[PDB]
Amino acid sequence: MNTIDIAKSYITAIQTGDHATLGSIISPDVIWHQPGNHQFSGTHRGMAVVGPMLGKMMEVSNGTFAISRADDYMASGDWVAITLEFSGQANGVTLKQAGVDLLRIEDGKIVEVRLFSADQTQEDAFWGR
């Protein structure tokens, strides 16, 4: 079992809303870097913070924020880049754009997450203040 397997499990769990997997395969000490200039932007540390933030995100997006398509999983050292599309409809914003999730995986767990968006102005409006 390799880092791409773990990354695929992570994406499948996001896509299918499997909180059990997400709560288990993400490190309790996860460092999560969310880009941009909206209420969830910044670096967050620990599932104590990240779990509730993911929940608030689901609330703010009326459950519509989604990785609508995953394209490629690529490994480099302990990192995996996943190229993808995400979408959503909330705060009057129709979100549809390319992104990349960067995951750092160690000992079977995602220890660091850095997200990238192709249109950060649109994503910022989506999440809101």
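Numbers for residues come from their place in the sequence shown, where the first is 1.
Colleague: When the modelled residues of the chain are sorted by Cα temperature factor, does residue 6 land in the lowest, middle or highest third?
Modeller: Lowest third.
Colleague: Among the chain's modelled residues, which third holds the C-alpha B-factor of residue 86?
Modeller: Within its chain, residue 86 is a highest-third residue by C-alpha B-factor, going by the deposited values.
Colleague: When the deposited Cα B-factors of this chain's modelled residues are ordered and cut into thirds, is residue 103 in the lowest, the middle or the highest one?
Modeller: It belongs to the lowest third of the chain when residues are ordered by C-alpha B-factor.
Colleague: Going by the entry, which third of its chain does the Cα temperature factor of residue 68 land in?
Modeller: Highest third - that is where residue 68 ends up once the chain's C-alpha B-factors are sorted.
Colleague: Report the third (lowest, middle or highest) to which the CA temperature factor of residue 24 belongs, ranking only the modelled residues of the same chain.
Modeller: CA B-factor rank for residue 24: highest third.
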